[PDB]
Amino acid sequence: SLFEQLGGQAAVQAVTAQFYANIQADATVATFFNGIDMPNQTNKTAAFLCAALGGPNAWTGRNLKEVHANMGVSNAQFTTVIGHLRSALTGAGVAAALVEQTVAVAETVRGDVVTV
């Protein structure tokens, strides 16, 4: 699985932490996370990604389309966020092909997150 190729549950956690640090460092998207519990964000997104990447635990959290309804996220903002995931994975030493396979899994939620 892609979850295994990445190094496991701790590897996905670390990437997810860097992904959110990157998002918060970018003014075009950081505003969305004002007042949000970031350790919880990291934990829930890492769990979501572990499941999506073929890990052993199915996602039992909230429905992402309902979660992101009327948040006002555009495709350019989603694409920027995918860039933050790409840089987090690359920075973690993930090989290019695997970076791209992982990014591909995170695109499938574009329809649930983007609303405008």
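For every residue, the number given is its place in the sequence shown, counted from 1.
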property	result
Average Cα temperature factor in the PDB entry - higher stretch of 60 to 68, 23 to 31	60 to 68
Mean temperature factor over C-alpha atoms, higher-scoring stretch between 12 to 20 and 104 to 112	104 to 112
Chain thirds of CA B-factor: placement of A88	lowest
Record-listed C-alpha B factor of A76: chain third	lowest
Assigned third (lowest, middle, highest) for the C-alpha B factor of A52	middle
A46 - Cα temperature factor, lowest/middle/highest third of chain	middle
